[PDB]
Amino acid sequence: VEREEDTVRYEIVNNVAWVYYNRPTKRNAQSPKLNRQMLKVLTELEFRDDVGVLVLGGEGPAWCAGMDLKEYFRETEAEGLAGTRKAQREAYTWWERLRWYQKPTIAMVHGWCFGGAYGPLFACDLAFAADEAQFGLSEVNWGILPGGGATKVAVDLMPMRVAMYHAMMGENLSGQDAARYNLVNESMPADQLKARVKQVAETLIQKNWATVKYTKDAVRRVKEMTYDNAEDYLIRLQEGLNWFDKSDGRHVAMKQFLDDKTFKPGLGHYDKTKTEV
């Protein structure tokens, strides 16, 4: 998409950064330009005290139709290994920046999600789809295996049988099927999707943000640990959150529940407006 700075756009609304792939006429294909610009935008939004949540959406009828077969594959193969490695590092680096983002991330998938879009899909903590969205590991249909981690995304989110069929047959899952097999959290009609995402973002914004970061990372990390190692790890993490959370939110919440009896944590969030312990 001619200018690099035009390949991604964003708006800040009510402390949510709404970030969009912005190559609509190229179905939001991941070119090196988009991969560099997406990192730049993610890097500048990450530690803004007024950005609580990042939503990743797409302009036009695609969410993301994968890597750019022209600009990511053909043009880089022409500059040899050096060009291939530079292009790969640009794509992998922004998926990783999104995966470990300081703020909670949400995929808003209204349309086409193919191939190398699976990395960014997985890198979002939560994911909400339109019924009319279509998800495919289309890689087998153009003679390549599902790289950019896409095979691992399918295996880490979906049942083995479902991942195997998805990668071998290159057939598409509807939003409803993507939700049934846990590729995404939920599917709904396209005309309801933005409002649901906005509601989820507004709920996260009400939580202690430090607590949400430590929790979302804990979920990602304890997948790659034994039960017994994860038990000790979660204790170590809470000691870190104790340092990070200057608001001392656990003591604030304990006072509101035990002493004030103004909320029940089983039924709703503590009031982080209040600061008395």
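Position 1 is the first residue in the sequence shown; the rest follow in order.
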query	finding
Comparing 266-274 with 4-12, the one whose average Cα B-factor in the PDB entry is higher	266-274
Higher-B stretch (mean Cα B-factor, as the entry records it), 29-37 or 226-234	29-37
Residue selected from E202, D156, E96, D125 by maximal Cα B factor	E202
Candidate set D248, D50, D217, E239 [ranked by C-alpha B-factor, highest]	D248
Third assignment of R74 from its chain's C-alpha B-factors	highest
Within-chain third of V55 by Cα B-factor, per the entry	lowest
Where the record places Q102 (Cα B-factor, split into thirds across the chain)	lowest
Relative C-alpha B-factor of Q176, binned into the chain's lowest, middle or highest third	highest
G143, C-alpha B-factor rank within chain (lowest, middle or highest third)	middle
